[PDB]
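Novice: Protein chains in written order, with PDB author numbering: chain B, 2 to 81, 85 to 442; chain A, 2 to 81, 84 to 442; chain B', 2 to 81, 85 to 442. A prime marks a further copy of an entry chain.
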Amino acid sequence: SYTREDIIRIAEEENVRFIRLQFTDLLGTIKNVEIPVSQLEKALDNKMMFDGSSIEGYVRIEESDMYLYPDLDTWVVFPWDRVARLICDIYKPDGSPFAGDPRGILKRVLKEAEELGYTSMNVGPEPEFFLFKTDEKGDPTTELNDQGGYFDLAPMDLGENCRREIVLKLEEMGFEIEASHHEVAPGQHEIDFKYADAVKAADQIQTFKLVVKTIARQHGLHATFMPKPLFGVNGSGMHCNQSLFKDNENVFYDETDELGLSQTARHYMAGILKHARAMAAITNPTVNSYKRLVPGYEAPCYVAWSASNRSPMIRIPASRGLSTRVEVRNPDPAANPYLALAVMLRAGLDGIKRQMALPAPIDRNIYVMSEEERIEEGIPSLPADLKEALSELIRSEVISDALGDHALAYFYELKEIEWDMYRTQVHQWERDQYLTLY
Amino acid sequence: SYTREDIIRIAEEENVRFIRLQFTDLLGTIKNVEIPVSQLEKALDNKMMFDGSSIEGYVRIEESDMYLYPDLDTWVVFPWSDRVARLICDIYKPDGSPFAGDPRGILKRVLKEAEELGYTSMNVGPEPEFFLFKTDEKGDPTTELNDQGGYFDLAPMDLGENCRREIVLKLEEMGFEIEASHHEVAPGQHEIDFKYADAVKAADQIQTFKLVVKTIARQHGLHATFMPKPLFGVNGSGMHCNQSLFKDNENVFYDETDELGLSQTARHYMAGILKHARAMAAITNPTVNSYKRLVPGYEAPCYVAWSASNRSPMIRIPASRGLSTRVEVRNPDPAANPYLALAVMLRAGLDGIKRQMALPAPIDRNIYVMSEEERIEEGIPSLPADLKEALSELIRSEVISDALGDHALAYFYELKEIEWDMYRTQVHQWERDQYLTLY
Amino acid sequence: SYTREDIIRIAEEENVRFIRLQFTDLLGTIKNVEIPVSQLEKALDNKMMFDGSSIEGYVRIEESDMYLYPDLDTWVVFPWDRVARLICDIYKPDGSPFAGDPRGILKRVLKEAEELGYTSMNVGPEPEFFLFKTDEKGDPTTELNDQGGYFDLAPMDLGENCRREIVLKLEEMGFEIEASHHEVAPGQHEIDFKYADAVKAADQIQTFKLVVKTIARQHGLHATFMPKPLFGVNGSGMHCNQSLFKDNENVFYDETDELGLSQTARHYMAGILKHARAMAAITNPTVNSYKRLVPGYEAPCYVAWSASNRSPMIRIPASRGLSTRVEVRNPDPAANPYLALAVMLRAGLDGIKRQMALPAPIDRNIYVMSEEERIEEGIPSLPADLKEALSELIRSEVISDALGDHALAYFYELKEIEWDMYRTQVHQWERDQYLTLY
Ligand SMILES: Nc1ncnc2c1ncn2[C@@H]1O[C@H](COP(=O)(O)OP(=O)(O)O)[C@@H](O)[C@H]1O
Ligand SMILES: Nc1ncnc2c1ncn2[C@@H]1O[C@H](COP(=O)(O)OP(=O)(O)O)[C@@H](O)[C@H]1O
Ligand SMILES: Nc1ncnc2c1ncn2[C@@H]1O[C@H](COP(=O)(O)OP(=O)(O)O)[C@@H](O)[C@H]1O
Ligand SMILES: C[S@](=O)(CC[C@H](N)C(=O)O)=NP(=O)(O)O
Ligand SMILES: C[S@](=O)(CC[C@H](N)C(=O)O)=NP(=O)(O)O
Ligand SMILES: C[S@](=O)(CC[C@H](N)C(=O)O)=NP(=O)(O)O
Ligand SMILES: [Mg+2]
Ligand SMILES: [Mg+2]
Ligand SMILES: [Mg+2]
Ligand SMILES: [Mg+2]
Ligand SMILES: [Mg+2]
Ligand SMILES: [Mg+2]
Ligand SMILES: [Mg+2]
Ligand SMILES: [Mg+2]
Ligand SMILES: [Mg+2]
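1) Taking Cβ positions only, does B':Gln40 come closer than 7 Å to chain A?
2) Quick check on A:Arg314 - is its C-beta less than 7 Å from some C-beta in chain B'?
3) If contact means a Cβ-Cβ distance below 9 Å, which residues of the segment 328-339 of chain B contact chain A?
4) Would you say B:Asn245 lies against chain A (beta-carbon separation less than 7 Å)?
5) To the nearest angstrom, how far is the alpha carbon of B':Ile398 from that of B':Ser404?
6) Assuming B':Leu343 and B':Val307 form a contact by the criterion Cβ under 8 Å, report the distance between their Cβ atoms to the nearest whole angstrom.
7) So, does the CB of A:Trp433 fall closer than 7 Å to a CB anywhere in chain B?
8) Among all the DSSP beta bridges, which residues are the ones paired with B:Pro129?
9) Indicate the three-state DSSP secondary structure (helix, strand or coil) for B:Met49 in the structure shown.
10) Give the straight-line distance between the Cα atoms of B':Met67 and B':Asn47, rounded to the nearest whole angstrom.
11) Have a look at A:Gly239, A:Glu132 and A:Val372 and flag the residue whose alpha-carbon is nearest the alpha-carbon of A:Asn292.
12) Within a Cβ cutoff of 8 Å, which residues of the same chain sit near A:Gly275, ignoring the five residues on either side of it in sequence?
13) Please report the distance separating the alpha-carbon of B:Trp433 from that of A:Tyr426.
14) Please confirm whether any heavy atom of ligand 12 lies closer than 6 Å to the CB of A:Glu130.
15) Run through DSSP, which three-state label would B':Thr440 get?
16) Quick check: is the beta carbon of A:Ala183 nearer than 7 Å to any beta carbon in chain B'?
17) Just mark A:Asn369 as buried or exposed, buried being the case when its beta carbon has 16 or more other beta carbons within 10 Å.
18) Hey, quick one: how far does the beta strand (DSSP E) through B:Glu194 stretch, first residue to last?
19) Does the Cβ of A:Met273 have 16 or more other Cβ atoms within 10 Å, making it buried, or fewer, making it exposed?
20) Please compile the residues from chain A whose C-beta is within a distance smaller than 8 Å of the C-beta of B':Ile403.
21) Using a beta-carbon distance below 7 Å, is B:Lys295 in contact with chain A?
22) What residues of chain A sit near B':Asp93, judged by a beta carbon separation below 9 Å?
23) Have a look at the DSSP bridge pairing and note the partners of B':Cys92.
24) Can you tell me whether B:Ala393 sits near ligand 5, meaning its C-beta is under 6 Å from at least one heavy atom of the ligand?
25) With 16 as the cutoff for other CB atoms within 10 Å, does A:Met230 come out buried or exposed?
26) Counting only runs that start and end within the segment 8-34 of chain B', where is the beta strand (DSSP E) found for 3 or more residues in a row?
27) Output, in chain order, the set of chain B residues within a Cβ distance shorter than 7 Å of A:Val298.
28) Can you tell me whether B:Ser247 sits near ligand 1, meaning its C-beta is under 6 Å from at least one heavy atom of the ligand?
29) So the beta strand (DSSP E) A:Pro144 belongs to, where does it begin and stop?
30) Would A:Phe102 count as contacting chain B if we go by Cβ distances under 7 Å?
31) Using 6 Å as the cut-off, classify the Cβ of A:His243 as near or not near the heavy atoms of ligand 12, replying yes or no.
32) I'd like the list of long-range same chain contacts for B:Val171, defined as Cβ closer than 7 Å, with 5 residues on each side in sequence excluded.
33) Could you list which residues in chain B' have their beta carbon closer than 8 Å to that of A:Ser310, in chain order?
34) Quick one: is the Cβ of B':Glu331 within less than 6 Å of any heavy atom of ligand 14?
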């Protein structure tokens with residue numbers, strides 16, 4: 002790991018002139034202040050301050066002073085006067101860590117895993133995105149960047165150059181990129197990168213979204229991670245591939261098993277399934293998230309698992325060994341990555357600690373099953389809208405405890421205001437259906 | 002009470018050349034075929050047919066032949084060239100039995116349950132509010148309301164005076180007893196009140212009222228709508244259903260010894276309305292948009308409660324006594340099928356009487372500003388928050404399900420489940436505005 | 002006076018098909034419901050009801066039922085199926101008169117005058133108005149109907165036909181019209197009518213405004229009684245000419261006096277002056293009212309009186325006998341006529357009852373006096389804005405008592421919301437002055 006002295010040294014060597022101190026609000030939005038390198042020693046002394054009452058989910062105006070403590074291992078130089089980055093943890097002025105810090109929330113849950121002997125939670129996220137064209141002014145239009153489809157080539161796929169420049173920038177920043185391709189829906193794109201320990205994976209999701217939007221704009225496009233920008237075509241998921249490790253060993257892997265899944269893996273999966281409905285408000289946190297969780301678009305809407313199957317909530321991909329993993333498919337890229345990893349880890353650990361029995365897999369296209377069949381086989385549904393998910397979240401002591409009292413209370417208040425504003429709108433669909441009929 | 006010979010005579014007297022045979026589909030939409038007067042004897046002979054598979058909620062393509070039996074007492078000439088009259092018809096199957104899914108037959112069935120308990124009439128006074136929108140050169144509505152006036156305003160703040168006045172003149176030529184007309188609370192919103200009538204006639208008059216309003220509004224270059232909530236942030240349109248039971252000429256809801264003038268029968272009736280309020284919401288508030296009106300702060304109900312002279316609760320008792328003593332059920336909106344709405348409210352009320360239900364305490368506050376904590380304290384239930392929740396309550400209610408009958412219930416549920424599922428998968432512009440640049 | 006039986010009879014004789022039951026909200030806005038003549042007997046039985054929670058200043062949603070009791074002497078037929089009118093008083097369902105009814109408030113103050121022996125308060129109001137052109141859609145533009153001036157003729161004055169049709173309609177409705185002319189500002193107009201007892205004068209102001217706006221629209225124009233629609237030109241006043249009578253005798257008249265003013269007249273004037281600042285919130289009730297009360301436009305802004313002088317708050321016109329009167333010039337036509345007459349009568353009566361000493365007149369152009377001179381002669385200012393006027397209103401027990409507790413509390417709450425909304429706006433003037441300067 003880097004020391005204080007290492008950062009000073011490297012900042013001079015690479016001639017860094019500016020440093021961004023970055024952190025994440027409750028809703029997952031990245032935030033930063035930029036300081037000249039003359040201030041780097043002040044920043045490393047943990048003395049930078051900000052207004053916590055202007056950051057969503059943090060504190061109130063009457064006790065608004067908060068501090069940034071940089072995590073020196075997050076040091077990296079931006080490719081696009086040299087600018088560098090430090091991701092920071094949030095502290096109160098009395099020196100204690102801030103309970104509502106999403107990154108601290110993940111670290112707290114990860115300590116629970118370490119005490120059970122798991123040295124790391126490895127996470128490979130797949131944050132899909134759409135690219136929209138922009139007008140003369142630079143705002144997004146309703147027109148997608150192309151009308152291509154899954155694995156298409158140019159000129160059907162017009163995202164090749166934009167995705168490739170994203171990849172080159174991510175690689176200069178230390179990402180191990182695995183693949184790049186057009187996704188199923190028009191104007192939809194995917195760039196995959198190697199799994200990493202959970203905190204780093206969530207840091208990389210934040211950085212990934214930032215690089216994607218920055219490069220998209222240089223190409224005259226607008227990138228969005230909105231879960232379902234368009235009816236009738238695929239939405240964008242952020243599948244969270246997960247495994248637990250003991251130093252070097254993927255403990256989810258058992259070569260004697262049919263699917264390569266250890267008993268620990270199956271208990272973990274059972275925990276994800278058990279608490280699926282209760283974590284949905286965190287993994288699928290917008291009104292629009294539930295427009296993606298509709299049947300027929302390779303997004304889940306029922307609580308089930310199956311191997312090599314893209315209809316259920318959990319897929320077990322058809323590979324084994326170090327790549328043995330649980331693919332939880334319901335999160336979308338609007339989820340706060342720190343909170344989403346935290347609640348899924350706590351749900352998985354509860355499954356392990358209580359040795360929860362794994363339900364039988366649903367080895368079929370779950371979308372074409374009737375409600376009758378779903379009831380016969382005891383297949384629950386994911387929540388149908390944000391309000392229902394929120395009601396399940398507050399009733400869950402396991403998921404509530406993951407979040408802690410502060411984030412839970414702020415998250416619920418924000419989302420109840422969001423839902424009440426949505427629910428009272430009169431949408432154009434209603435005018436089209438009813439204005440001339442009634 | 003008109004005979005066939007009366008209708009023949011009157012059509013000649015008035016020089017009627019065409020007759021509309023009118024009826025109502027399951028969702029409340031009026032339907033008709035127009036016949037020349039040369040065909041009137043065939044129509045009075047109950048021989049007119051139609052395709053029941055093309056009328057929402059009736060029958061399937063493989064069993065699609067259906068008959069119209071005119072109700073002779075619904076005869077009226079339209080006042081607005085070659086004279087046109089109408090008859091409202093009941094729906095019959097080719098074997099001669101009345102169609103189980105006919106909304107007008109459904110209300111008549113429930114009314115017979117009232118008659119056997121001694122009540123000779125259910126008197127109903129509906130207040131169907133509506134908006135007037137301007138139209139473009141092609142005649143379709145724009146987003147602009149006809150005016151920006153408000154409650155009881157005068158011209159030129161209220162620009163609907165002439166349109167409302169001509170509606171009133173046409174309705175009175177058609178035998179309506181008009182009581183009042185005024186601008187309502189929201190911009191471009193209007194109200195025309197007419198005297199209560201027995202339930203079937205009241206529902207027939209609701210169907211006729213909506214037709215005349217839309218026809219005259221179009222003559223004035225406007226588009227009338229009974230959509231419950233066309234615009235966020237201003238009042239929606241309700242159809243308050245004022246209700247009383249009579250024994251020949253006596254209003255059995257009236258008791259002068261009572262502080263509000265309500266008899267014990269009225270109080271039991273109200274208790275049945277409140278008991279079944281959530282279960283009949285899908286009928287009285289049958290669209291997705293209905294539930295954007297059932298939000299607090301706009302004189303539409305949100306919570307299941309009653310109060311005197313209070314416009315915040317579900318039931319208001321107006322500060323009138325005597326023949327005008329009544330129960331104002333405020334939650335229906337003018338998208339409700341009037342025959343089905345009256346049928347389920349009547350059934351709920353009668354169930355409250357047969358079971359001698361205890362009437363909850365009144366909520367004598369602005370219920371909108373009560374905290375959720377206070378509302379649980381008093382045990383005030385909520386109306387369903389959306390159409391899907393309303394449908395779930397409907398199919399679980401034996402009392403409301405049996406008001407509708409097996410046929411209408413099954414078709415209503417199938418239609419509305421499809422409607423809900425279509426709405427719930429849409430991505431609305433609000434979502435793009437909130438999320439496309441934030442995420 | 003008319004009886005119930007008289008109204009039924011006349012309604013049949015003149016073939017009236019519809020009746021408007023009219024009344025006035027707290028802010029002076031006329032309101033009505035239209036009933037078919039079949040309902041006339043119900044209306045005369047005092048059984049018509051309305052939602053008092055939708056009428057500004059009346060009652061709350063939880064006790065919203067209110068009743069209309071028509072005043073049979075207000076019967077009149079509209080000129081423009086015959087429609088008639090009845091002005092109504094407001095009652096609660098328990099049968100008591102509604103304390104917040106502006107017309108009942110005036111009648112209550114008038115009872116105070118009758119007990120002192122004055123049989124009527126005669127009031128001649130001069131409600132000036134502007135006419136604006138309208139667009140293709142019918143909304144007002146910024147363009148006035150003409151660019152004429154005081155007493156101008158066509159084609160400089162383009163309001164002649166519109167004013168003349170207003171006059172003809174008012175005369176068919178029983179008005180005694182006295183004069184019609186273009187006023188000082190472009191597009192500004194005046195129609196005068198004979199004084200009447202106070203309640204009738206206020207009824208006639210309501211009817212006058214309605215006829216003016218109706219006929220203006222038939223001519224493709226928009227009439228407004230806004231006090232000051234345009235900077236730098238005259239605003240619109242509603243001068244309230246006032247006198248007290250004993251049966252037939254103008255008690256303000258004394259032929260032995262220099263100005264023809266009785267001692268009663270001078271005490272009344274002293275009361276108006278004493279409470280000028282305290283009644284301003286009622287006589288000048290909008291934010292815009294105080295844009296008219298600026299110097300140089302024949303509107304008052306200082307508390308003073310003078311004969312044949314159009315600079316002060318009170319003018320004594322140069323005529324005597326039955327036309328001896330006190331012209332209170334500060335009210336504008338946005339004032340509720342019932343409340344405005346009520347507070348000025350109560351102020352005048354307080355002057356009589358306390359035999360208040362009349363200050364010396366200010367026989368000069370008061371606009372060109374320096375602040376120093378104004379202080380030397382003890383000339384107070386009218387309030388500078390609505391907020392200051394409201395603060396003076398609540399501190400006045402004489403004017404507060406005129407209004408009664410209900411109207412006072414609703415009026416203050418409405419106007420404090422109005423003022424707080426105005427005071428936080430950022431106006432274009434501020435952008436023009438400061439956006440490029442700072
Ligand atoms: N043991 C593991 N634990 C967690 N993630 C893993 C593991 N092995 C591989 N992954 C990651 O899972 C993700 C798979 O993404 P992708 O190749 O898009 O899969 P698919 O499209 O089949 O879902 C990659 O980020 C990959 O690095
Ligand atoms: N006994 C009664 N039963 C049913 N309806 C009645 C009865 N008495 C009056 N009504 C009706 O109730 C309705 C009241 O409507 P409206 O006058 O708009 O009342 P509000 O606006 O006060 O709710 C009218 O249709 C009236 O005829
Ligand atoms: N004794 C009186 N009391 C009240 N008003 C009066 C009396 N005599 C005349 N008036 C009225 O005063 C008003 C004078 O208006 P106007 O002729 O426009 O006067 P000016 O333009 O000079 O102010 C008229 O309504 C007139 O009828
Ligand atoms: C072909 S897809 O299966 C698309 C998934 C969809 N966009 C969703 O999760 O909403 N995803 P993957 O990258 O896992 O193969
Ligand atoms: C003033 S209002 O109270 C408006 C009610 C509202 N439009 C609704 O029921 O949605 N109705 P009413 O005619 O009963 O007085
Ligand atoms: C010439 S004017 O003096 C105009 C008065 C001005 N409009 C005002 O009172 O604001 N009025 P009047 O009709 O009294 O002669
Ligand atoms: Mg993938
Ligand atoms: Mg994918
Ligand atoms: Mg995947
Ligand atoms: Mg009404
Ligand atoms: Mg109404
Ligand atoms: Mg009503
Ligand atoms: Mg004048
Ligand atoms: Mg003048
Ligand atoms: Mg004057």
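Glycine included, each C-beta is placed from N, C-alpha and C at the ideal position.
Specialist: Reading off the structure:
1) Residue contact with chain A for B':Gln40: present (Cβ-Cβ distance below 7 Å to some residue of chain A).
2) Nearest CB-CB separation between A:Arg314 and chain B': below the 7 Å threshold.
3) Taking 9 Å as the Cβ-Cβ cut-off against chain A, the residues of the segment 328-339 of chain B that qualify are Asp336, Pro337 and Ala338.
4) No, its Cβ sits nowhere closer than 7 Å to a Cβ of chain A.
5) For B':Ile398 and B':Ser404, the distance between alpha carbons rounds to 7 Å.
6) In fact, because the Cβ distance is near 20 Å, the residues do not count as touching under 8 Å.
7) At least one CB of chain B lies nearer than 7 Å to the CB of A:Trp433.
8) According to DSSP, B:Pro129 bridges with B:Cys244.
9) B:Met49: strand per DSSP, three-state reduction.
10) Each residue's Cα considered, the two are about 11 Å apart.
11) The shortest Cα separation from A:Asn292 among A:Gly239, A:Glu132 and A:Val372 belongs to A:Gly239.
12) In chain order, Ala351, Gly352, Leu353, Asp354, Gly355, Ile356, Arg358 and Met360 place their CB closer than 8 Å to the CB of A:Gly275, counting only its own chain and leaving out the 5 sequence neighbours on each side.
13) Rounded to whole angstroms, B:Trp433 to A:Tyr426 spans 7 Å at the Cα level.
14) Short note on A:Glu130: C-beta closer than 6 Å to some heavy atom of ligand 12.
15) Residue state, collapsed to three classes: coil.
16) Answer yes: the Cβ-Cβ gap between A:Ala183 and chain B' drops below 7 Å somewhere.
17) So A:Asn369 counts as buried.
18) Run containing B:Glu194: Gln192 to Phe197, per the beta strand (DSSP E) assignment.
19) With 16 or more other CB atoms across the displayed protein chains lying within 10 angstroms of its CB, A:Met273 is buried.
20) Residues of chain A passing the Cβ test: none, with the nearest at roughly 29 Å.
21) Yes, B:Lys295 counts as interfacial toward chain A.
22) Annotation: B':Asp93 has no Cβ neighbours in chain A at a cutoff of 9 Å; minimum Cβ distance is about 15 Å.
23) For B':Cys92, which the question treats as bridged, DSSP gives the partners B':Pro71.
24) A distance criterion of 6 Å places the beta-carbon of B:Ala393 beyond contact range of ligand 5, judged by its closest non-hydrogen atom.
25) Within 10 angstroms of the beta-carbon of A:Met230 lie 16 or more other beta-carbons, which makes it buried.
26) Qualifying beta strand (DSSP E) stretches, in chain order: 17-25.
27) For a Cβ distance threshold of 7 Å, residue set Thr428 of chain B lies close to A:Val298, ordered along the chain.
28) Distance from the C-beta of B:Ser247 to the nearest heavy atom of ligand 1 is below 6 Å.
29) Start and end: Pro144 to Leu148.
30) Answer no: the Cβ-Cβ gap between A:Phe102 and chain B never drops below 7 Å.
31) Distances from the CB of A:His243 to the heavy atoms of ligand 12 include at least one below 6 Å.
32) The answer, listed in chain order, is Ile181, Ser184 and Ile195.
33) Chain order gives the chain B' residues near A:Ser310 as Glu63, where near means a beta carbon separation below 8 Å.
34) For B':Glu331, the distance from the CB to the nearest heavy atom of ligand 14 is not below 6 Å.
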